[PDB]
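Next up, my_file_7.cif (mmCIF, C-alpha atoms and all ligand atoms):
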data_query
#
loop_
_atom_site.label_atom_id
_atom_site.label_comp_id
_atom_site.auth_asym_id
_atom_site.auth_seq_id
_atom_site.Cartn_x
_atom_site.Cartn_y
_atom_site.Cartn_z
CA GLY A 1 90.32 117.15 65.48
CA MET A 2 93.16 117.52 65.47
CA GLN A 3 94.78 114.08 65.44
CA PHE A 4 98.10 112.74 64.19
CA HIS A 5 99.68 109.35 63.80
CA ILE A 6 103.37 109.39 64.73
CA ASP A 7 105.19 106.30 63.61
CA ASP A 8 108.38 107.22 65.49
CA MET A 9 106.50 107.57 68.82
CA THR A 10 107.30 104.02 69.83
CA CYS A 11 107.31 104.24 73.61
CA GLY A 12 106.18 106.18 76.69
CA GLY A 13 109.33 108.33 76.53
CA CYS A 14 108.87 109.42 72.91
CA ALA A 15 105.31 110.29 73.87
CA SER A 16 106.59 112.49 76.66
CA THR A 17 108.89 114.40 74.23
CA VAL A 18 105.97 114.84 71.84
CA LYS A 19 103.76 116.18 74.65
CA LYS A 20 106.44 118.57 75.90
CA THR A 21 107.14 119.81 72.38
CA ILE A 22 103.53 120.74 71.83
CA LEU A 23 103.06 122.33 75.30
CA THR A 24 106.17 124.44 74.75
CA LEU A 25 104.64 125.70 71.50
CA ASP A 26 101.19 126.36 73.10
CA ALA A 27 101.00 126.18 76.92
CA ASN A 28 97.16 126.20 76.62
CA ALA A 29 97.00 123.15 74.42
CA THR A 30 95.53 119.84 75.60
CA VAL A 31 97.43 116.80 74.28
CA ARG A 32 96.59 113.06 74.57
CA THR A 33 99.16 110.44 73.47
CA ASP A 34 98.62 106.68 73.16
CA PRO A 35 101.69 104.50 72.79
CA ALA A 36 99.56 101.49 71.70
CA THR A 37 98.21 103.33 68.64
CA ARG A 38 100.87 106.02 68.19
CA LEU A 39 98.00 108.52 67.94
CA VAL A 40 98.24 112.06 69.35
CA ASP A 41 95.14 114.20 69.89
CA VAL A 42 95.61 117.96 70.19
CA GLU A 43 93.31 120.83 71.19
CA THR A 44 94.91 124.05 70.16
CA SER A 45 94.22 127.38 68.51
CA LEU A 46 97.35 126.77 66.36
CA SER A 47 97.01 125.16 62.95
CA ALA A 48 97.68 121.52 62.22
CA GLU A 49 100.60 122.57 60.00
CA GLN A 50 102.15 124.54 62.87
CA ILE A 51 101.89 121.59 65.21
CA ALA A 52 103.18 119.22 62.55
CA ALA A 53 106.11 121.53 61.67
CA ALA A 54 107.15 121.51 65.35
CA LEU A 55 106.75 117.77 65.67
CA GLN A 56 108.87 117.31 62.52
CA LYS A 57 111.69 119.52 63.83
CA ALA A 58 111.75 117.48 67.07
CA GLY A 59 112.19 114.27 65.03
CA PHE A 60 108.58 113.05 65.23
CA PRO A 61 107.14 113.57 61.75
CA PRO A 62 103.38 113.01 61.88
CA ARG A 63 100.61 112.22 59.48
CA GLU A 64 97.40 114.22 60.09
CA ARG A 65 94.27 112.00 60.66
CA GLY B 1 93.14 106.36 90.15
CA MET B 2 95.16 108.34 90.63
CA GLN B 3 93.47 111.73 90.65
CA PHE B 4 94.26 115.06 92.30
CA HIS B 5 92.53 118.38 92.67
CA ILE B 6 94.95 121.29 92.34
CA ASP B 7 93.49 124.56 93.49
CA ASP B 8 96.43 126.60 92.21
CA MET B 9 96.08 125.17 88.66
CA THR B 10 93.97 128.08 87.52
CA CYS B 11 94.74 128.23 83.81
CA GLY B 12 96.03 126.37 80.76
CA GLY B 13 99.60 127.47 81.56
CA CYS B 14 99.60 126.17 85.14
CA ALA B 15 98.26 122.92 83.71
CA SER B 16 101.18 122.75 81.33
CA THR B 17 103.69 123.16 84.22
CA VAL B 18 101.88 120.44 86.15
CA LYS B 19 102.01 118.10 83.14
CA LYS B 20 105.70 118.78 82.50
CA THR B 21 106.54 118.28 86.18
CA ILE B 22 104.97 114.86 86.22
CA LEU B 23 106.47 113.76 82.85
CA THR B 24 109.92 114.82 84.03
CA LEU B 25 109.46 112.60 87.10
CA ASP B 26 108.12 109.62 85.03
CA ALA B 27 108.45 109.88 81.22
CA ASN B 28 106.09 106.85 80.92
CA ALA B 29 103.27 108.48 82.83
CA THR B 30 99.99 109.49 81.20
CA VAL B 31 98.58 112.76 82.57
CA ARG B 32 95.21 114.47 81.87
CA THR B 33 94.57 118.02 83.16
CA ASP B 34 91.27 119.92 83.09
CA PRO B 35 91.39 123.65 83.77
CA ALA B 36 87.57 123.78 84.28
CA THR B 37 87.71 121.36 87.23
CA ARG B 38 91.35 121.72 88.29
CA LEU B 39 91.50 117.91 88.27
CA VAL B 40 94.62 115.98 87.19
CA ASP B 41 94.47 112.28 86.33
CA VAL B 42 97.73 110.32 86.39
CA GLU B 43 98.72 106.81 85.27
CA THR B 44 102.04 105.96 86.78
CA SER B 45 103.95 103.22 88.55
CA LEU B 46 105.04 105.87 91.10
CA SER B 47 103.05 106.37 94.29
CA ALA B 48 100.52 109.10 94.84
CA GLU B 49 102.77 110.55 97.55
CA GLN B 50 105.69 110.74 95.12
CA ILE B 51 103.61 112.56 92.55
CA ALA B 52 102.14 114.83 95.19
CA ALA B 53 105.58 115.61 96.69
CA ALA B 54 106.78 116.70 93.23
CA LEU B 55 103.67 118.75 92.57
CA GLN B 56 104.12 120.45 95.97
CA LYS B 57 107.75 121.36 95.29
CA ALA B 58 106.71 122.93 91.95
CA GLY B 59 104.17 125.12 93.79
CA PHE B 60 101.05 123.09 92.94
CA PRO B 61 100.04 121.39 96.18
CA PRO B 62 97.32 118.82 95.42
CA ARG B 63 94.65 116.98 97.29
CA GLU B 64 94.34 113.28 96.34
CA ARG B 65 90.80 112.28 95.13
AG AG C 1 110.52 105.91 72.63
AG AG C 2 112.05 103.79 74.08
AG AG C 3 112.16 108.88 72.04
AG AG C 4 113.46 106.71 72.70
AG AG C 5 97.96 117.89 77.82
AG AG C 6 97.83 129.61 85.41
AG AG C 7 97.35 132.24 84.06
AG AG C 8 101.05 128.99 86.47
AG AG C 9 100.26 131.40 85.86
AG AG C 10 100.30 112.76 79.24
#

Could you take the file, read its structure, and then write that structure out as structure tokens?
Amino acid sequence: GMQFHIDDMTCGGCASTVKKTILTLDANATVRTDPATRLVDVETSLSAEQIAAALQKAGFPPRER
Amino acid sequence: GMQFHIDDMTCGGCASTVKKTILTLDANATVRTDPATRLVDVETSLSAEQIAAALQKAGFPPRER
């Protein structure tokens, strides 16, 4: 996809931290977050594991979907 | 919408600065950027003028669409 579910992304403000995290890792990435579903869609040249590793370190451990 | 066209948003990295700008103003906002069209879609409780004013100060003067 790539797509993650992030159980700890419980509001608009967590979603913003998630988005900023990813865009700091890859300024060319496209990220969509949905607080209703806790799903995060990412377009990036980076691997899923790289994105996940960053999300984990920021306190938002994901599961890849 | 709200939607803007941002002529100075010429690559992925400008788009990232635009996105971060808006999410710093309103952590609950949803923002979509498209580097092919230089269009930025925003869901926010803030006014268009507030978003635009912030975008202007960051060096990304928009036109509302
Ligand atoms: Ag939250
Ligand atoms: Ag919260
Ligand atoms: Ag949070
Ligand atoms: Ag929070
Ligand atoms: Ag994005
Ligand atoms: Ag640029
Ligand atoms: Ag550039
Ligand atoms: Ag730029
Ligand atoms: Ag640039
Ligand atoms: Ag957004």

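The residues sitting within 9 Å of ligand AG 1 (chain C), with only C-alpha atoms and all ligand atoms considered, come out as residues 8, 9, 10, 11, 12, 13, 14, 15, 16, 17 and 35 of chain A.
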
Can you pull out every residue within 8 Å of segment 50-63 of chain B, counting only C-alpha atoms, but drop anything in the same chain fewer than 3 positions away, and send it as a count of residues only?
12

Listing only residues of chain A within 9 Å of ligand AG 5 (chain C), what is the closest atom pair and its distance in Å (to one decimal) for each, using all atoms listed in the file, sorted by chain and residue number ascending, as CSV?
residue,atom,partner,partner_atom,distance
A:19,CA,C:AG5,AG,6.8
A:20,CA,C:AG5,AG,8.7
A:22,CA,C:AG5,AG,8.7
A:23,CA,C:AG5,AG,7.2
A:27,CA,C:AG5,AG,8.9
A:28,CA,C:AG5,AG,8.4
A:29,CA,C:AG5,AG,6.3
A:30,CA,C:AG5,AG,3.8
A:31,CA,C:AG5,AG,3.7
A:32,CA,C:AG5,AG,6.0
A:33,CA,C:AG5,AG,8.7
A:42,CA,C:AG5,AG,8.0
A:43,CA,C:AG5,AG,8.6

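Distance-wise, atom CA of residue 40 of chain B and atom CA of residue 39 of chain A end up 20.9 Å apart.
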
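Computed from the coordinates, the atom CA of residue 2 of chain A to atom CA of residue 26 of chain A distance equals 14.2 Å.
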
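One distance worth recording is that between atom CA of residue 1 of chain B and atom AG of ligand AG 10 (chain C), which is 14.5 Å.
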
Point (93.1, 113.3, 60.6) neighbourhood (6 Å, all atoms listed in the file) written as number ranges by chain
A: 3, 64-65

Complete segment 34-55 of chain B with N, CA, C and O atoms (output as a JSON list (two decimals), in the coordinates of the input).
[["chain", "number", "residue", "atom", "x", "y", "z"],
["B", 34, "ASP", "N", 92.47, 119.17, 83.51],
["B", 34, "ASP", "CA", 91.27, 119.92, 83.09],
["B", 34, "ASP", "C", 91.18, 121.24, 83.83],
["B", 34, "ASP", "O", 90.88, 121.25, 85.01],
["B", 35, "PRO", "N", 91.35, 122.34, 83.11],
["B", 35, "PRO", "CA", 91.39, 123.65, 83.77],
["B", 35, "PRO", "C", 90.00, 124.06, 84.32],
["B", 35, "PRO", "O", 89.94, 124.77, 85.33],
["B", 36, "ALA", "N", 88.93, 123.49, 83.78],
["B", 36, "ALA", "CA", 87.57, 123.78, 84.28],
["B", 36, "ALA", "C", 87.32, 123.21, 85.68],
["B", 36, "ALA", "O", 86.55, 123.79, 86.46],
["B", 37, "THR", "N", 87.93, 122.06, 85.99],
["B", 37, "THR", "CA", 87.71, 121.36, 87.23],
["B", 37, "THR", "C", 88.92, 121.33, 88.15],
["B", 37, "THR", "O", 88.81, 120.87, 89.30],
["B", 38, "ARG", "N", 90.04, 121.81, 87.61],
["B", 38, "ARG", "CA", 91.35, 121.72, 88.29],
["B", 38, "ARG", "C", 91.72, 120.31, 88.72],
["B", 38, "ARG", "O", 92.43, 120.14, 89.69],
["B", 39, "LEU", "N", 91.20, 119.29, 88.04],
["B", 39, "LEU", "CA", 91.50, 117.91, 88.27],
["B", 39, "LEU", "C", 92.61, 117.40, 87.32],
["B", 39, "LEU", "O", 92.68, 117.76, 86.15],
["B", 40, "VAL", "N", 93.47, 116.56, 87.87],
["B", 40, "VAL", "CA", 94.62, 115.98, 87.19],
["B", 40, "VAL", "C", 94.56, 114.47, 87.40],
["B", 40, "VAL", "O", 94.56, 113.99, 88.54],
["B", 41, "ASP", "N", 94.46, 113.72, 86.30],
["B", 41, "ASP", "CA", 94.47, 112.28, 86.33],
["B", 41, "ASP", "C", 95.85, 111.80, 85.90],
["B", 41, "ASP", "O", 96.38, 112.28, 84.88],
["B", 42, "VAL", "N", 96.39, 110.84, 86.63],
["B", 42, "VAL", "CA", 97.73, 110.32, 86.39],
["B", 42, "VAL", "C", 97.75, 108.79, 86.35],
["B", 42, "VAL", "O", 97.21, 108.13, 87.22],
["B", 43, "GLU", "N", 98.35, 108.23, 85.30],
["B", 43, "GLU", "CA", 98.72, 106.81, 85.27],
["B", 43, "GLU", "C", 100.19, 106.69, 85.40],
["B", 43, "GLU", "O", 100.92, 107.25, 84.59],
["B", 44, "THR", "N", 100.64, 106.03, 86.46],
["B", 44, "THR", "CA", 102.04, 105.96, 86.78],
["B", 44, "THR", "C", 102.31, 104.80, 87.72],
["B", 44, "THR", "O", 101.43, 104.37, 88.46],
["B", 45, "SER", "N", 103.52, 104.30, 87.66],
["B", 45, "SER", "CA", 103.95, 103.22, 88.55],
["B", 45, "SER", "C", 104.36, 103.81, 89.89],
["B", 45, "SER", "O", 104.46, 103.05, 90.86],
["B", 46, "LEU", "N", 104.75, 105.10, 89.89],
["B", 46, "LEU", "CA", 105.04, 105.87, 91.10],
["B", 46, "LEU", "C", 103.86, 106.02, 92.05],
["B", 46, "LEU", "O", 102.70, 105.78, 91.68],
["B", 47, "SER", "N", 104.15, 106.26, 93.32],
["B", 47, "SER", "CA", 103.05, 106.37, 94.29],
["B", 47, "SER", "C", 102.41, 107.73, 94.21],
["B", 47, "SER", "O", 103.02, 108.70, 93.70],
["B", 48, "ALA", "N", 101.21, 107.84, 94.76],
["B", 48, "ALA", "CA", 100.52, 109.10, 94.84],
["B", 48, "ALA", "C", 101.34, 110.13, 95.62],
["B", 48, "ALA", "O", 101.32, 111.32, 95.31],
["B", 49, "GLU", "N", 101.98, 109.66, 96.69],
["B", 49, "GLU", "CA", 102.77, 110.55, 97.55],
["B", 49, "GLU", "C", 103.97, 111.12, 96.81],
["B", 49, "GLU", "O", 104.36, 112.27, 97.02],
["B", 50, "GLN", "N", 104.57, 110.29, 95.97],
["B", 50, "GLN", "CA", 105.69, 110.74, 95.12],
["B", 50, "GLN", "C", 105.28, 111.81, 94.10],
["B", 50, "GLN", "O", 105.95, 112.83, 93.93],
["B", 51, "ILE", "N", 104.13, 111.60, 93.49],
["B", 51, "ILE", "CA", 103.61, 112.56, 92.55],
["B", 51, "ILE", "C", 103.23, 113.84, 93.29],
["B", 51, "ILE", "O", 103.60, 114.93, 92.86],
["B", 52, "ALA", "N", 102.52, 113.68, 94.39],
["B", 52, "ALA", "CA", 102.14, 114.83, 95.19],
["B", 52, "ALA", "C", 103.35, 115.63, 95.67],
["B", 52, "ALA", "O", 103.35, 116.87, 95.60],
["B", 53, "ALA", "N", 104.36, 114.94, 96.18],
["B", 53, "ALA", "CA", 105.58, 115.61, 96.69],
["B", 53, "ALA", "C", 106.20, 116.48, 95.60],
["B", 53, "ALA", "O", 106.57, 117.61, 95.83],
["B", 54, "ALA", "N", 106.26, 115.97, 94.38],
["B", 54, "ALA", "CA", 106.78, 116.70, 93.23],
["B", 54, "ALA", "C", 105.92, 117.91, 92.85],
["B", 54, "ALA", "O", 106.43, 118.98, 92.52],
["B", 55, "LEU", "N", 104.62, 117.70, 92.82],
["B", 55, "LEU", "CA", 103.67, 118.75, 92.57],
["B", 55, "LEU", "C", 103.78, 119.86, 93.63],
["B", 55, "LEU", "O", 103.87, 121.03, 93.26]]
